[PDB]
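Engineer: First the structure, which I've put down as structure tokens, then a few questions once you've had a look.
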Amino acid sequence: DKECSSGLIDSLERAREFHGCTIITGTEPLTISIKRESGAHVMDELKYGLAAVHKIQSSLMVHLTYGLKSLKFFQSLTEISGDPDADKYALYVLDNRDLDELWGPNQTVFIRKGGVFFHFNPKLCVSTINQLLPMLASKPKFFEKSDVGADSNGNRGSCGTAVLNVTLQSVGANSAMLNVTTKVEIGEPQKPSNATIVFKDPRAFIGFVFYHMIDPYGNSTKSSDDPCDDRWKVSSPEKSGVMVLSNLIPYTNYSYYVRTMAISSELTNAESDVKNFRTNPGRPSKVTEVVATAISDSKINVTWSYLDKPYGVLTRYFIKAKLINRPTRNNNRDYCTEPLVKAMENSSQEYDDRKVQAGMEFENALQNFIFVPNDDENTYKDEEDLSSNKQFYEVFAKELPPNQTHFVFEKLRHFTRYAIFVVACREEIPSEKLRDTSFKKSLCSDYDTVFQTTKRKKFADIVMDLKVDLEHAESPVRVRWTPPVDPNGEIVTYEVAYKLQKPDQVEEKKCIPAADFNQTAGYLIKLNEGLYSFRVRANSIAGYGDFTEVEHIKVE
Amino acid sequence: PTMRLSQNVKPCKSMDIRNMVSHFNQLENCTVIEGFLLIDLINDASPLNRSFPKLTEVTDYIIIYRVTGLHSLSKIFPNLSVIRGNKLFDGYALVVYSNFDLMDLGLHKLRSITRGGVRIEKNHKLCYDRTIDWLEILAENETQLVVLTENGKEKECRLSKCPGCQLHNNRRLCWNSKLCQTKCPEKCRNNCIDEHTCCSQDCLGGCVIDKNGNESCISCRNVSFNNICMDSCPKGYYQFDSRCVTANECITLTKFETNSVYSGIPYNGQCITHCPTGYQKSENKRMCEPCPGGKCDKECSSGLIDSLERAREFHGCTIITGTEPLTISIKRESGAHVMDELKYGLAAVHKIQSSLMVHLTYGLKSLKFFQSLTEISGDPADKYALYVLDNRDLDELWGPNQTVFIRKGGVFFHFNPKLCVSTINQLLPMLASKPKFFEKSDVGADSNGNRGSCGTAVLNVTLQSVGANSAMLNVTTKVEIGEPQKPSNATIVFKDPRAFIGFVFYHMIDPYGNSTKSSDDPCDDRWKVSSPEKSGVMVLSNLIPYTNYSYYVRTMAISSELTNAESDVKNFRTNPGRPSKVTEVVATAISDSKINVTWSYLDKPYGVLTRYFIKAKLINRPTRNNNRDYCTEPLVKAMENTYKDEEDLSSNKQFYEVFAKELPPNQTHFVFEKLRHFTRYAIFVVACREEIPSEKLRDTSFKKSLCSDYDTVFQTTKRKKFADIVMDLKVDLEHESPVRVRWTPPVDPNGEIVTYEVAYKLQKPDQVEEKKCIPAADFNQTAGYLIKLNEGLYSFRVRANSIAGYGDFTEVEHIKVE
Amino acid sequence: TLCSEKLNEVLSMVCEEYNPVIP
Amino acid sequence: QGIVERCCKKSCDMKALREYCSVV
Ligand SMILES: *[C@@H]1O[C@H](CO)[C@@H](O)[C@H](O)[C@H]1NC(C)=O
Ligand SMILES: *[C@@H]1O[C@H](CO)[C@@H](O)[C@H](O)[C@H]1NC(C)=O
Ligand SMILES: *[C@@H]1O[C@H](CO)[C@@H](O)[C@H](O)[C@H]1NC(C)=O
Ligand SMILES: *[C@@H]1O[C@H](CO)[C@@H](O)[C@H](O)[C@H]1NC(C)=O
Ligand SMILES: *[C@@H]1O[C@H](CO)[C@@H](O)[C@H](O)[C@H]1NC(C)=O
Ligand SMILES: *[C@@H]1O[C@H](CO)[C@@H](O)[C@H](O)[C@H]1NC(C)=O
Ligand SMILES: *[C@@H]1O[C@H](CO)[C@@H](O)[C@H](O)[C@H]1NC(C)=O
Ligand SMILES: *[C@@H]1O[C@H](CO)[C@@H](O)[C@H](O)[C@H]1NC(C)=O
Ligand SMILES: *[C@@H]1O[C@H](CO)[C@@H](O)[C@H](O)[C@H]1NC(C)=O
Ligand SMILES: *[C@@H]1O[C@H](CO)[C@@H](O)[C@H](O)[C@H]1NC(C)=O
Ligand SMILES: *[C@@H]1O[C@H](CO)[C@@H](O)[C@H](O)[C@H]1NC(C)=O
Ligand SMILES: *[C@@H]1O[C@H](CO)[C@@H](O)[C@H](O)[C@H]1NC(C)=O
Ligand SMILES: *[C@@H]1O[C@H](CO)[C@@H](O)[C@H](O)[C@H]1NC(C)=O
Ligand SMILES: *[C@@H]1O[C@H](CO)[C@@H](O)[C@H](O)[C@H]1NC(C)=O
Ligand SMILES: *[C@@H]1O[C@H](CO)[C@@H](O)[C@H](O)[C@H]1NC(C)=O
Ligand SMILES: *[C@@H]1O[C@H](CO)[C@@H](O)[C@H](O)[C@H]1NC(C)=O
């Protein structure tokens, strides 16, 4: 213990001096008179200062303070020895704006000596004052008007509250409807009983006010320590008791509560407890980070990750791959002059009351005088479509469990482009699957096509069945062969190279376009007498190919 | 001149069209309604067919309440020109309330409402209600008696198209879709026949123009007699709210109070309903007499004054008595006309036997209307004689020369936001016990006057010096402490050295210089309040240069001691400082010698931008990555302040090494010229402001920094022209010797030349070249590149290669080998 | 307690008719 | 007194309200 000296806490800074004090001593009364200018966080500082105190040797006083939401910050106070401030009083509470509650619900303070004092606390209910009645050592039957300001405490902090039931009628992807089922009795009904929430005059009721805000944890509390709070979205007041919260984010835990708004002169009020609900699933976000890469001629690799909220529970990823035709040589572009090696792509709220009050009084004034007294799919599904020749897939698709982030294909059309989706899908709610027809689904995300190509080919293009002829034993030598069985893209030029088997001789090669073979699929080359060797190869829009095996001829 | 009225006017006493349509018959022949006219509780009005063009004006007021089967109010009022409003119902002259079938007003001929105002409410089928500028119709004095609400204007009534009609105040002005409203200039004060044809001032509401050119008033502005207007009634006749009548005639004219059927008394030339203060009517009810002395007293019972109209029946009461405290609770949308009625209601009273209570009032400005109150007697509201709670408009208590003796009990005050505590303290000597201070349990300190400026004293704050980041303030007004050092001359004394905490300064950014003040509640307290200072000298720091701030000074004291002073807001602008960096600079290559720079200034300039500035510097191009063999893999294509005007030129004058040009603040684009081909360039885009006169007339040449900071942007001229390749090619046999090809390298390389391609081809058809690679360097050592070649005819081409990439081949040449 | 619109309706339901104020 | 002070600030009955009529 420390038995710290009592004093006047003119500000939060001076409150810091009282940190760790378990007992407060000093004949003069401890005084709390903290203002709060252009700031917040009065509660944390004060409690950090006084939370340790458990007994006050002298009386306690707190007055001329703003933003002091409550006196509950005495987190350990249980005794007030009550040495006074005046000889009659031991707790002195005066002119405390926005002060609304004494000690916490499970806390009691023993006023050892003297009575209490309360006046001009506009936000503190009189009934909350009487909670102290059984705690005093004197055990009085009630508080005298001289000690408690019955008609000057909490005059606009009404606390005759009664609870309101609330229920959700319907929810949707971005909206929900709210009811209030505890029937408020706007205007005394004069026949029936029940309806405890009754307004003696119908004009006195402005309307229900709906509060709602996003809360992933579903534990947000009504009030706040800061005297100003704007996390709640406050709706306009209506008397119907029905509201339709809209522009909501699907599949997010919302929290809401309602309060009845009445003219300043009406004492009765009502509030509901904080309730929670979810906004149903929506369209899952498009798959992020997707990227595709080549593995080999007939095999491609796809990886993706889901880095944004799914708006639901993933049921299965869906992968589709459509063959997109490989490029065709542009006939207006020359070859054997520009050969190809094929580099490849890829605030104040303060409700005002004057208008309604004036209208209400004018109504009464009038009646007293008038009366007298006498391009994208929607049908994703498993599917494989093997080409007619049956070597490669022209369309491949599959479903995957939601935990499989990567997938590979096989038996592709070797060198070619491919367009692929990576789309997520979420589970269907009963109201959709057993209440709606198969249209407007929207239960699967959009996709961003990724274009990727395979590798050229393991053995690449080749020209088999080569043979060379020399007829009439006067005609020039000629070469014969067959085009590639499965050429990459299409062959653009045939390049027949040959060499002379003699020292100081180097291979030199012709160059012709893919055409000029329609007559017999044979090509003729003049040559002089000697022993030579030939070797043909093909060139394709996919790039250069490999030579065949050599051949030989002895010209003469 | 003497003036006539149109038509021979016939009056008819106050009327109440009630229950059934057939009761409209009594409204026949009524030129002017002597009193009030009310039409109410007609379940169905459709059957009526006859209009009433004769009805011209009404003295007191018009009320329409719960009449249905009526669509156009013109059905009853074709020529309702002027509403005189000698007597008002709750301060209102025209009332249209709770009517479901009403859609059209049709008040084309209406011109002037002389007193009070109009309330149109709860008419869901009504439209055009908000279109008419009632301000033109009401009196030139206070006009706020205008309440137009709850008339189906949500969405459906938005079909209020009006004709097409004149358009003013961002709206059309029309009674209905086919009746444009009429104004007139100030010279007529809204009694003109049309926009320009204005009659004499003798008329009210207009006049008929005779075929002979003579005017004929629709109604006299002043009283009337024998169908002629004049300033005042002739002798022997008494005014009765629109005209002059004999005493015997006036004796018969009745008027209707809340319930009383009063009859006029002809006295001092006025047919007054009841004798004025200090007078009593003769028992024969023929004239008014001073009664038995000035004390013509009259006692009345206390009660609840819930509205102005309820207050009227207290007129003439000198004494108020009854165990029930007299409570004032009048609540009005605005106190535009409350005082004029409350004064008539209660000004006669001088002593109250019971307590006075004033709570839940709206529109009370003060208790001045208790003009003769002198004693309260505090009979109760036990232990409280005066009671003032929750009056969000009350401003001050009895007038300065008034004094009310509260014989018994104390007083209570609370939630009076505009009631200044200084005014409260004027009651201290008025209590019977005359205490020196109120008990803390009976009058609040923050509950009262927390929002009204009320008293205090004005404080003179002056700005001393300013900078680009800071400012400094004085407070010229003196402050006397404790015993006043010298009386008089705006001392603003604090009667205790302990009391005066110090001055508090506020400031906050406001371009328009029209922010109001620091509010009394959390949030919206955007003022950066400084800590209190005793000296009155304060410094503001960390200010944004060239921004219009607003500041004011307020004092404070211990225990909220009521002697305090405050100052009005003022505005000042910080110095220009340094302009920010130019925004979004982009450089593009136009040609081999031109770069195109585009920029914008989407940022706060400070001051005024006076001179843009662009500078470009040559940066030597990259050269010779010798770590890599270019022949193995060649590069095919490439990738990517204090100053004065004018540039620098190269020795050969083919390019600018550095270029710098001043620009006018218009410019957003610029293009250089004579720039080096294929070389990176560093680009500035600098903006500058004007210099403050002090900065050159009282500052030496240092620091300055009138120009923004520079961020460099790089770009390269594109590839040069197609030319600039190997020149002067020739080939010949060295002699069986190898062939040699010789040439000269380009004089203007596209970057240093790294490799040479000797592309040679046989002349035989369908042939392709076998180009060889030479890694430059040793090219010309032998005065020509040797090449082995066999017998045959060939064509030779040569091209260069640089960091810029491949060049293009020179024209072919031929050689034959054997 | 009958006030405002509710009392207006009660009056409409009762007596089917009202009396003058200044007949 | 009128109406509100009779039937708004306090309750009324089918007789206490029957006096404001011309017929029944
Ligand atoms: C309605 O409120 C009452 C208390 O007033 C409570 O007992 C009851 O359970 C509530 N019912 C629902 C459906 O919320
Ligand atoms: C909920 O509100 C609707 C109108 O919005 C109403 O028809 C329904 O009766 C309310 N719920 C209950 C239980 O009465
Ligand atoms: C609610 O009112 C009904 C009659 O409308 C009544 O029978 C019932 O008892 C009331 N509720 C309770 C809990 O008594
Ligand atoms: C709500 O719960 C979360 C954890 O689920 C916690 O981090 C947060 O502080 C809680 N908020 C409140 C107001 O209790
Ligand atoms: C969100 O609400 C659902 C019920 O609608 C609940 O099951 C879930 O627990 C809530 N979220 C959290 C984090 O508690
Ligand atoms: C994915 O989940 C399934 C069950 O849904 C499981 O069989 C499989 O092993 C999981 N795979 C990985 C990589 O976690
Ligand atoms: C191919 O994808 C698998 C997952 O399906 C991954 O483990 C592997 O690293 C990928 N290989 C390449 C070369 O990207
Ligand atoms: C008065 O009204 C009657 C109809 O009831 C009519 O005959 C008579 O001419 C009217 N008199 C005047 C002066 O308008
Ligand atoms: C026209 O109205 C009068 C009342 O102003 C009524 O007596 C008369 O019957 C009506 N005329 C017709 C043809 O209904
Ligand atoms: C009373 O009136 C006189 C002038 O007749 C004035 O001098 C005096 O100051 C007034 N008293 C107060 C308290 O204002
Ligand atoms: C302004 O303040 C300075 C001190 O900061 C003082 O010397 C000077 O006299 C003051 N001037 C006026 C006019 O108050
Ligand atoms: C404020 O300054 C004005 C001159 O600008 C002067 O007339 C006035 O008396 C001063 N007031 C105070 C309180 O200093
Ligand atoms: C800022 O204050 C100066 C006076 O120094 C004034 O000329 C200017 O108009 C103000 N700026 C604005 C936006 O009103
Ligand atoms: C200040 O003037 C501007 C117009 O320049 C206006 O938009 C703004 O609302 C004004 N501020 C206030 C508090 O009226
Ligand atoms: C190019 O320069 C012209 C001026 O000749 C200018 O209008 C245009 O905006 C500039 N464009 C770019 C991209 O620099
Ligand atoms: C450029 O600015 C000058 C003023 O310095 C002005 O006279 C001229 O018209 C401007 N030209 C353009 C194109 O803005």
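Note on naming: chains are A, B, ... as they come in the structure tokens, residues start from 1 per chain, ligands start from 1 in the order shown.
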Show me, as JSON, numbers by chain, the residues of chain B whose atoms get within 10 Å of chain D, using only C-alpha atoms for the distance check.
Structural biologist: {"B": [19, 258, 259, 304, 310]}
Engineer: Dump C-alpha atoms for the selected residues as a short mmCIF file (atom, residue, chain, number, x, y, z; two decimals), in the first residue's frame?
Structural biologist:
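What ended up in part.cif:
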data_model
loop_
_atom_site.label_atom_id
_atom_site.label_comp_id
_atom_site.auth_asym_id
_atom_site.auth_seq_id
_atom_site.Cartn_x
_atom_site.Cartn_y
_atom_site.Cartn_z
CA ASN B 19 -71.38 21.61 -40.98
CA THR B 258 -62.38 32.77 -27.21
CA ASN B 259 -65.96 32.60 -25.91
CA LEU B 304 -51.10 26.85 -18.03
CA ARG B 310 -54.53 31.03 -24.62
#
Engineer: At a cut-off of 9 Å, list the chain B residues touching chain C, using only C-alpha atoms, as a list in words.
Structural biologist: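 Residues satisfying the distance criterion: residues 14, 15, 16, 17, 18, 19, 41, 256, 259 and 261 of chain B.
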Engineer: Please identify all protein, DNA and RNA residues within 7 Å of ligand 16, counting only C-alpha atoms and all ligand atoms, and report them as a ChimeraX atom specification.
Structural biologist: /B:664-666
Engineer: As a ChimeraX atom specification, please: all residues of range 4-113 of chain A that backbone DSSP puts in alpha helix (DSSP H).
Structural biologist: /A:12-16,42-50
Engineer: Grab the residues selected above and save them as a CSV table (one decimal), in the first residue's frame with C-alpha atoms.
Structural biologist:
chain,number,residue,atom,x,y,z
A,12,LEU,CA,-5.6,13.8,-17.0
A,13,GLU,CA,-1.9,14.7,-16.5
A,14,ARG,CA,-2.4,15.2,-12.8
A,15,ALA,CA,-4.4,11.9,-12.7
A,16,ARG,CA,-1.2,10.0,-13.8
A,42,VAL,CA,-10.4,10.2,-20.6
A,43,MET,CA,-11.4,6.7,-19.3
A,44,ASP,CA,-8.1,4.9,-19.9
A,45,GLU,CA,-5.9,7.6,-18.3
A,46,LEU,CA,-8.2,8.0,-15.3
A,47,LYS,CA,-8.4,4.3,-14.6
A,48,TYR,CA,-4.7,3.9,-15.1
A,49,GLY,CA,-4.4,6.6,-12.4
A,50,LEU,CA,-7.0,5.6,-9.9
Engineer: Around ligand 2, which protein and nucleic acid residues have at least one atom no more than 10 Å from it, if we count only C-alpha atoms and all ligand atoms? List them as a tab-separated table (two decimals) with N, CA, C and O atoms, in the first residue's frame.
Structural biologist:
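selection_23.tsv, freshly written:
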chain	number	residue	atom	x	y	z
A	166	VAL	N	-36.65	-7.83	-31.57
A	166	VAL	CA	-36.41	-7.57	-32.98
A	166	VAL	C	-36.13	-8.89	-33.67
A	166	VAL	O	-35.57	-9.82	-33.08
A	167	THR	N	-36.54	-8.99	-34.94
A	167	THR	CA	-36.37	-10.21	-35.70
A	167	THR	C	-36.13	-9.87	-37.17
A	167	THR	O	-36.68	-8.90	-37.68
A	168	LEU	N	-35.31	-10.68	-37.83
A	168	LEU	CA	-35.05	-10.51	-39.25
A	168	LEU	C	-36.10	-11.27	-40.05
A	168	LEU	O	-36.37	-12.44	-39.78
A	169	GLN	N	-36.68	-10.60	-41.04
A	169	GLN	CA	-37.69	-11.24	-41.88
A	169	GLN	C	-37.08	-11.87	-43.12
A	169	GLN	O	-37.50	-12.97	-43.52
A	177	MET	N	-34.11	-7.19	-44.14
A	177	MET	CA	-35.30	-6.52	-43.61
A	177	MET	C	-35.41	-6.81	-42.12
A	177	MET	O	-35.23	-7.96	-41.69
A	178	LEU	N	-35.71	-5.78	-41.34
A	178	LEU	CA	-35.80	-5.88	-39.89
A	178	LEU	C	-37.20	-5.53	-39.42
A	178	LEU	O	-37.82	-4.58	-39.91
A	179	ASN	N	-37.70	-6.31	-38.47
A	179	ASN	CA	-38.97	-6.06	-37.80
A	179	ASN	C	-38.74	-5.59	-36.37
A	179	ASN	O	-37.67	-5.80	-35.79
A	180	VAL	N	-39.77	-4.97	-35.81
A	180	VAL	CA	-39.89	-4.78	-34.38
A	180	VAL	C	-41.22	-5.39	-33.95
A	180	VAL	O	-42.29	-4.90	-34.33
A	181	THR	N	-41.15	-6.48	-33.19
A	181	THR	CA	-42.33	-7.27	-32.90
A	181	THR	C	-42.98	-6.96	-31.56
A	181	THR	O	-44.12	-7.38	-31.34
A	182	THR	N	-42.31	-6.25	-30.66
A	182	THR	CA	-42.95	-5.77	-29.45
A	182	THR	C	-43.77	-4.53	-29.80
A	182	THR	O	-43.22	-3.43	-29.93
A	183	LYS	N	-45.08	-4.71	-29.95
A	183	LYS	CA	-45.92	-3.65	-30.51
A	183	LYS	C	-45.93	-2.44	-29.59
A	183	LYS	O	-46.53	-2.48	-28.50
A	240	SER	N	-43.10	3.21	-38.97
A	240	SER	CA	-43.67	1.93	-39.40
A	240	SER	C	-43.12	0.76	-38.60
A	240	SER	O	-43.80	-0.27	-38.51
A	241	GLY	N	-41.93	0.88	-38.03
A	241	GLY	CA	-41.33	-0.24	-37.34
A	241	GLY	C	-40.72	-1.27	-38.26
A	241	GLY	O	-40.34	-2.35	-37.81
A	242	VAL	N	-40.61	-0.96	-39.55
A	242	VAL	CA	-40.01	-1.86	-40.54
A	242	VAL	C	-38.93	-1.09	-41.28
A	242	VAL	O	-39.15	0.04	-41.73
A	243	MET	N	-37.76	-1.72	-41.41
A	243	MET	CA	-36.64	-1.11	-42.11
A	243	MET	C	-35.99	-2.16	-43.00
A	243	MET	O	-36.07	-3.36	-42.73
A	244	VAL	N	-35.34	-1.70	-44.06
A	244	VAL	CA	-34.66	-2.57	-45.01
A	244	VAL	C	-33.23	-2.06	-45.13
A	244	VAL	O	-32.93	-1.20	-45.95
